[PDB]
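Asks: sharing an experimental structure here, sequence included.
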Amino acid sequence: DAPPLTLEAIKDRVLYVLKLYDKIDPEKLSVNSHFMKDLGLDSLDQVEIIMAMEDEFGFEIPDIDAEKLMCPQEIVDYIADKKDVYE
Amino acid sequence: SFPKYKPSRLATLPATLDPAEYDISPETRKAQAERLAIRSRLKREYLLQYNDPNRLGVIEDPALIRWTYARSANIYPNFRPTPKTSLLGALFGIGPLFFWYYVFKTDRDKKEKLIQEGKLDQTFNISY
Amino acid sequence: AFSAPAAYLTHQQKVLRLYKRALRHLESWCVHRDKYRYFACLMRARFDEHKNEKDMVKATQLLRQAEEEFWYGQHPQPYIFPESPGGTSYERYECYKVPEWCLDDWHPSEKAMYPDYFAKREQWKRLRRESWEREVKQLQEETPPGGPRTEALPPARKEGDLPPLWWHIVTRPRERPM
Amino acid sequence: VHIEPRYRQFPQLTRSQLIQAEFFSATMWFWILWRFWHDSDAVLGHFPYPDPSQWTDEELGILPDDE
Amino acid sequence: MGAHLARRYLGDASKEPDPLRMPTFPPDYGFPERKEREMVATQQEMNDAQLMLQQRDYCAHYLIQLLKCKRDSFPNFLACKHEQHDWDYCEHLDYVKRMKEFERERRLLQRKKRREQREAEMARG
Amino acid sequence: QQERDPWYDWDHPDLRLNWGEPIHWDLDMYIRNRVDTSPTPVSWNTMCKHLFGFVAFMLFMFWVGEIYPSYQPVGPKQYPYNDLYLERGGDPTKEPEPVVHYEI
Amino acid sequence: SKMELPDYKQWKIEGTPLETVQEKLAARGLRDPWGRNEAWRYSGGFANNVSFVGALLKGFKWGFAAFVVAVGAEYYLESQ
Amino acid sequence: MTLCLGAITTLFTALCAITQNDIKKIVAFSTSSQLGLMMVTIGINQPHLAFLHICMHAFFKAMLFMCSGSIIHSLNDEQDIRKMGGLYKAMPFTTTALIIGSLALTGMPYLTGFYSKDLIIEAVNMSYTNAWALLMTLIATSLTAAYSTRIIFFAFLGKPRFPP
Amino acid sequence: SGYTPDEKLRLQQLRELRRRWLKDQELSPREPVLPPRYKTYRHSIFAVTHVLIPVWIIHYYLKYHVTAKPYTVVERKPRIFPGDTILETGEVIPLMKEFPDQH
Amino acid sequence: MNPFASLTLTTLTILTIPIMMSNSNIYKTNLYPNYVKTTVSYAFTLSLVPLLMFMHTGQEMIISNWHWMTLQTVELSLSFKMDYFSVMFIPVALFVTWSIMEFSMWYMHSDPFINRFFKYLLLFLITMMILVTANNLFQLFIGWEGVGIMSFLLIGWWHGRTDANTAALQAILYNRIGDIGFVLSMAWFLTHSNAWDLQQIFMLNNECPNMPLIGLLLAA
Ligand SMILES: CCCCCCCC/C=C/CCCCCCCC(=O)OC[C@H](COP(=O)(O)OCCN)OC(=O)CCCCCCC/C=C/CCCCCCCC
Ligand SMILES: *P(=O)(O)OCC(C)(C)[C@H](O)C(=O)NCCC(=O)NCCSC(=O)CCCCCCCCCCCCC
C-alpha cells in the first residue's frame, strides 16, 4: 500500500527530527553521537526523543527497549529491524 | 486528596497502586532474583528444544500435562465428604430439580383444572 | 520485545515509565499540539522540580503520590497506536504468518515453481545444521553451574560461528507477510 | 494518476476532485433552496392552528350558568 | 405538549377533561337541533378502494379521489397537488372539530363545577 | 492473560504463557477471549452504583410518564358506520348498538 | 520516486500559536524545545482552515446563483 | 414496551456517542440511536414511517461509513479523530460527502433524512405517548446533532495531527 | 541504561543475518515458473447468460409448473375506484355523489 | 403471466448465481470482485423494474413455488411475500451493496482473500433477501440465522485477532438471546393457530396476546 521504507530514509527522518530538537546543536549532530556522553542530555530528554520518534514513524517503542536506544544509529537499526527493512 | 481506587475480584488492584511495590525489603530482591532464575532456566530448556534442528514433533509441556490431569483425573481421589461439599452438592443437584418439578406440576395442574372446567381457549389447537 | 527483562525495575526506570505514561495520557487529554506542548512543558517542569532529591524514602513517596494522581487523572480512553497491543490494528496479520517448516512440506511441483528460492533455502538449512553443535557447546560452556540467571544470550565469540539460538529470530515471519 | 507522497507538506490535489466536490456541494444547496422556494409548507406548516379561547359558547353549545 | 397537561396534572383534574372518557355529556345537551355528520363515501366504495381501516374516516372520498389521481398520472408523480391539498384540508377540518369537542367538554365540566359549588353554597346558607 | 504483560517475549504470544511455568487452575476462563479482571479507571463499586442508579431512575421515570401521559387537546376520532362495525369483523346478523357523531 | 525531505531550516514558530505557547512558557520561566517539529503543521497549505459554519456552506455561493437563475427562468417560462 | 425500549435505547446510545474518540464507534452508536428512533416509531403505531426511515438511514449511514473508511485508509489505518485533522482541505470530496451525510442524518429541512425523521418527531409529539419517551426522543435528536458536529470538528477542521 | 557489549554484538550479528535472510526472500525475474498446461462483448455475454437464462428458466417454471396448482401464486386484487371501467365484464363502477365542496 | 413474480425470483436467483461460480477458474483469478459487483448491479436494475410496477398500481403477491413438507395439518412451503415492504427494500439494499462492493474493491486491494470477502458479502446479501421476502416464520428464521452467522464470519475476518474473535462470539450470544425470543413466538403461533404463515396468523389472531408479541419484541 504505502511505499516501502529504506535505511537511508529512516536515517534522514531521525536526523531531521533530532535537528528540529532545540537542545541538540545541528552542526555537531552525527549518526554516531551519544545522547548523554557527547550530546549532554539526560533521561527525560531521551524519553522525549523516543516519544518524538514514535510520533514520527507511527509506532510505539516498548519502554524495555527504548531505554537502550542511546544513539541515532541505534534508533535507525531498531526501527529498521522492527519494520523489516534490509536495504 | 484524590478519591481512592477500591479493587474488586473482577477489577484487580493495579501494580502502580500496590503498597508492596514501594516497600522493597532486601529479601524481596532475592526472591525476585530467584524467580527470574527459575524463569530463565525454563526458557533456556524450551529454547534449546525449540531450536534443535533434528527435533520433529511437539515439545511436551509437563505443566500443561499436570494441569489437564489435575483438572479431571485427580479430583475424585482428593475428594472427601465434608459438610461443605455435602451441602453444596445436595443444593446444586437436588434443589433445581425439585424447583422445576414444583413449577411444572403447578402449571400443568392449573391447565388441567381449566380444561376440566371447560373455560380454556383451545380453539385452533389442531397440532399437539 | 527484543530485550531480555531484568529482575526488577530501578527507581529511575519506574519514574521514566511514569513520565512517558503521563505524557501520553496528557497528549490524549490535550488534543491540539500547542496545548499539548504547553502542558507537557509544565509536566517536565514538575519532574525537574523534584529531580534533585537525596532522600530515597522521600523520592519513593513522591513517586507513590504521583502514581495515585495519575491513576485518578488518567484518560479513560487513551490514544493507542494501531499496531500497539491495545490498538485497533493489533494482531491483524497473525493469520497470514506461515513458517518455513510449513514451507518445506510443499509438493515437488510447487517447489519446482520456485527453483531459485529453494536453492537458497537449502543453503540456509545447511548453514543451520552445520552450526548447532557449536551453538550448544558455546551455550553450555558459558552457563554457570547453577543455571541461567537471566534470559540474555551470548554473541558469537569466534570468527566462523553464529550467535547461539538464532534460527527462529532470523527466520521469523515478516510483519506484513502476505 | 500517480500522486507522490509529501513530507511535512500539504498533499497534492486534483482539479477533477476539486470541481466534483464543489459541484456536489452546490447541488445540495441548490436543491435545498429550490425545494424551500416551492413547498415551504413542509417546514413552516400549512393550516393555521385555531385558538380555543376564541370559540364562543354559543357555537360550542354551552348554556348560560343560571340556565 | 401543551398547557392543558399542566392544568390537568398541576391543577384541577376534575375541571380538566379526560381524553379516554370524553365525551361524558349528551350530544344534544346545549344544542337544540344538532346535525349528524354526513358521510360521502359508501362502505362498498371504501371496501373496493381498499382504504386502510384508519383511513376510512369521514374524509375518505378525498382520499379515494387522490388515489385515483395518483394512479392515472403515474410517471408524473407531481400532478396531484390539488387532490392532496383537498384531503389535507378535510383532515384539518376534522381535527378542528375534535378540538371543538375537547373545548366544549372542558367548559361544560367547569360550568358543572360552578353549578355544584353554587348549589352547595346555597344549601349551606 | 489480559493483565499479563503484552510486550514480553512469551513462548505462546496469544495465550501469554511460558513453557513450563505452572498454569492457573482457571486458565480455561481467564484467557483473553473470556472473563477479564484487569483494572479499570473507575472503581467497581462506583461503576455498579452508577449503572444501577441510571437503570432504576429510567424505569421509575418511564412508569411516572406512563401514569402522566402526554396528548393533545382533542376528542376521540370519529368513524362513520357505527365506528366501522362491519369493517372490524362485526357480525352482520346481529344489530350493533348505534354510534352517532354530530357536527360542531 | 525518491522523495526529498524539505530543508529543515524553514520551520519556525513565528506567526503560529506555538509562539504564543512559547511566550506563556517564558513568562512562567520555562521553554519547550519541540516548537518547530510541531510547527510544520501550522504553515503551508495547512495555515488557513475554514470554520464550522464555513464548512457547512461549502457550495452556497454557486448554489445560490444557480437557484436565482433557475427561479428567473421558471418565472419567465410561467409568464410566457 | 416497544416505545419505552426505543426511547431509552436512542437516548443512551446517543449519550455514549457524543464523547467517543473512535470514528467507527461514533458511527456505530449513531446507528444504534437511529434504530432506537425506529423502535419509537413502531411503538406509537406508525409502522410505515419506520420503514421509510429504514430506507433513508440505509442511504446516508452507508455513505457516512464509506467516508470514514476512506479517511482511515488514507491515514494508514488510523481510526482516531484525535489524530485526524486538516482533512477539510486535505480531502475535498470525502469532506463534502461527509458534510452532506451529517446534514441528512440530523434532518436538514429538505434532504433524505428530513422526509422520515421530521414526520417521526411530529407523530411522536402529536400522539398519546409516554411523556418520558417523548422527552428522551427529543434529547436524543439534540445529541445526534451534537455527535455529528463532533465528528466534523475533530476530523476536518483545524490543523493536522497525523504523522508528517 | 544501555546495551552491554555482548548485547550490542549479538544484536549486530542477528540483524546482519536477518537482512541476509530477507534479501534471500526476494524473488527472481523468471521465478514463478508456470507449468505448460472488446468490453462490450464481455458485457453482452454476461447479460445474456446471467440475466437472460435465469429469467427464461424462472418464467417457464412459474407459468407452467407453479401456476398449475391452486393458490400457489395469489395476486392481491386490484383497487377499484368510483367512476372506473372494469375490463373483465365491461362494467362501469359509478362516480361518487356530489361533494359538499368548500372554497 | 405477470412479470412481477418472474422478475422478483430472477433477482434473487441471479444474486445466488456467483456463489455457484466459486468453484471455477474465475474464482481462482482476480476478476471475481468485478464479476460479483456487475452481478449486483444487474440485480439492482432488475429489481428496480418491479418497484416501478408496484408504484403504478400497487401490485402485491405471494409465491408458494415449492412445497417442502406437510406435518399432518400444517404445510410448510417455500413461499415469498412480494409486497410493498419487499419491493421497496430490495432495490435499496442492492444499491447500497453495489456501492459497498465498489468501495471494497478499492479498499481491500491488499487483502489476499478479497475473493472470499466478496463471496461472503454476496452470501450475506442472499440471506438478507431471504429474510426480507420470507412469507412464513420458518423461512424468516432461516434468513435470521443466516445473517447472524454471516455477521459472525465477517466480523472475525482477521482470525488472528483475539478482539475480533471476542466480538464475533459476543454478537452470536446476543443474537441467540434474540433467537430464544423468536423460537418462543414461533412455538406459540404454531400451537395456538396451526400456522407458520402470515396470512393465517393474521386471520386467526384478531387480538394477538402478550406472550407471542413479547417473544417477537425480544427477538427484535
Ligand atoms: C435466556 C437465558 C439467558 C439470559 C441471559 C443470561 C446471560 C448468560 C451469560 C453467558 C455466560 C457466559 C459464558 C461464556 C460467554 C462467552 C465468553 C465470554 O465471557 O466473553 C466475554 C465477552 C468479551 O468481553 P468484551 O466486553 O468484548 O471485552 C473484550 C476485551 N478484549 O463479552 C461477552 O460476550 C459477555 C456477554 C454476556 C451477556 C450478559 C448479560 C446479557 C444481558 C441479558 C439481560 C438483558 C435482557 C434484555 C431485555 C430486552 C427487553 C425486551
Ligand atoms: P535522568 O536519568 O536524569 O532521570 C533523573 C531521575 C528522575 C532518574 C532522578 O535521578 C531521580 O530519581 N530523582 C529523584 C526521584 C524523583 O525525582 N522522583 C520524581 C518522580 S514523581 C515526581 O515528583 C513528579 C511527578 C509529578 C507528575 C505526576 C503525574 C500526575 C499527572 C498525570 C496525569 C495524566 C494525564 C494528565
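Replies: Yep, it's here. Numbering: from 1, shown residues only, chains lettered A, B, ... in the order given. Ligands and ions are numbered 1, 2, ... in the order given.
Asks: CA atoms of stretch B:14-26 as PDB?
Replies: Taking Å, rounded to 0.1, in the frame of the first residue of the first chain, the C-alpha atoms of stretch B:14-26 are listed here in PDB:
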ATOM      1  CA  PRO B  14      -3.000  -2.100  39.600                       C
ATOM      2  CA  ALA B  15       0.700  -2.700  40.200                       C
ATOM      3  CA  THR B  16       1.400   1.100  40.400                       C
ATOM      4  CA  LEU B  17      -1.100   1.400  43.300                       C
ATOM      5  CA  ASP B  18       0.000  -1.700  45.200                       C
ATOM      6  CA  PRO B  19       1.600  -0.700  48.600                       C
ATOM      7  CA  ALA B  20       4.100  -3.600  48.500                       C
ATOM      8  CA  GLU B  21       5.500  -2.100  45.200                       C
ATOM      9  CA  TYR B  22       7.100   0.800  47.100                       C
ATOM     10  CA  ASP B  23       8.200  -1.200  50.200                       C
ATOM     11  CA  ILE B  24      11.100  -3.400  49.000                       C
ATOM     12  CA  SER B  25      12.900  -5.500  51.500                       C
ATOM     13  CA  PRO B  26      16.400  -6.900  50.700                       C
END
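Asks: that stretch near chain A anywhere?
Replies: No. Using Cβ under 8 Å from any Cβ of the partner chain, we find that stretch B:14-26 stays clear of chain A, coming within 13.3 Å at best. Where you see a C-beta, it was placed from the backbone N, CA and C, and this is true even at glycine.
Asks: the helix or strand in which residue J:91 is found and chain H, any residue contact?
Replies: Following DSSP states H and E, one finds residue J:91 within helix J:84-107. Yes. Helix J:84-107 lies within reach of chain H by Cβ under 8 Å from any Cβ, at J:85, J:88, J:89, J:92, J:93, J:96, J:99, J:100, J:103, J:107.
Asks: surely the last one and residue H:69 touch.
Replies: Yes. At 6.1 Å, residue J:107 and residue H:69 qualify as touching, with contact defined as Cβ atoms under 8 Å.
Asks: which one of the two is surrounded by more residues?
Replies: In this view residue J:107 and residue H:69 are compared by other Cβ atoms under 10 Å in any protein chain shown, and residue H:69 has more residues nearby, 20 against 17.
Asks: residue most distant from the centroid, chain C?
Replies: Taking Cα atoms, centre = their mean, the residue of chain C most remote from its mean C-alpha position is residue C:109, at 39.4 Å.
Asks: enumerate every residue touching that one.
Replies: residue I:35 (Cβ atoms under 8 Å, 6 or more residues apart in numbering or on different chains).
Asks: element containing residue G:75?
Replies: helix G:60-79.
Asks: name the surrounding residues that touch that helix.
Replies: Taking Cβ under 8 Å, 6+ apart as the rule, helix G:60-79 contacts D:22, D:25, D:26, D:27, D:28, D:29, D:30, D:32, D:33, D:34, D:37.
Asks: go with 7 Å
Replies: Helix G:60-79 is contacted from outside by D:22, D:26, D:29, D:30, D:33, D:34, D:37, using Cβ atoms under 7 Å, 6 or more residues apart in numbering or on different chains.
Asks: among the residues you listed, which one lies nearest to chain C?
Replies: For the contacts of helix G:60-79, the minimum distance to chain C (Cβ to the nearest Cβ) is 28.9 Å, reached by residue D:22.
Asks: the closest one contacts residue H:93, correct?
Replies: No. Assessed by Cβ atoms under 7 Å, residue D:22 is found out of contact with residue H:93, at 9.7 Å.
Asks: surely residue C:147 and residue B:41 touch.
Replies: Yes. Using Cβ under 7 Å, residue C:147 is in contact with residue B:41, at 4.5 Å.
Asks: more crowded one of those two?
Replies: Higher neighbour count among residue C:147 and residue B:41: residue B:41, with 17 against 13, using other Cβ under 10 Å.
Asks: how far away is the more buried one from residue C:146?
Replies: To residue C:146, residue B:41 is 9 Å away according to Cβ to Cβ, to the nearest Å.
Asks: next: residue E:25.
Replies: For residue E:25, the distance to residue C:146 - Cβ to Cβ - is 104 Å.
Asks: who has more neighbours out of these two?
Replies: Set residue E:25 next to residue C:146 and count neighbours by other Cβ under 10 Å: residue E:25 wins out with 14 against 8.
Asks: the spatially closest residue to the more buried one that is not a sequence neighbour sits in which helix or strand?
Replies: Leaving aside its sequence neighbours, residue E:25 sits nearest to residue E:108 (Cβ to Cβ, 6 or more residues apart in numbering or on different chains; 5.3 Å). Assigned by DSSP H and E, residue E:108 falls within helix E:81-124.
Asks: need the contact list for the residue sitting nearest the centre point of chain E.
Replies: Residue closest to the average C-alpha location in chain E (Cα atoms, centre = their mean): residue E:98, at 2.4 Å. Contacts for residue E:98 were tallied using Cβ under 7 Å, 6+ apart; they are F:74, F:75, F:77.
Asks: what do you get if the cut-off is 10 Å, keeping everything else the same?
Replies: Shown in contact with residue E:98 (Cβ atoms under 10 Å, 6 or more residues apart in numbering or on different chains): E:22, F:72, F:73, F:74, F:75, F:76, F:77, F:78, F:104.
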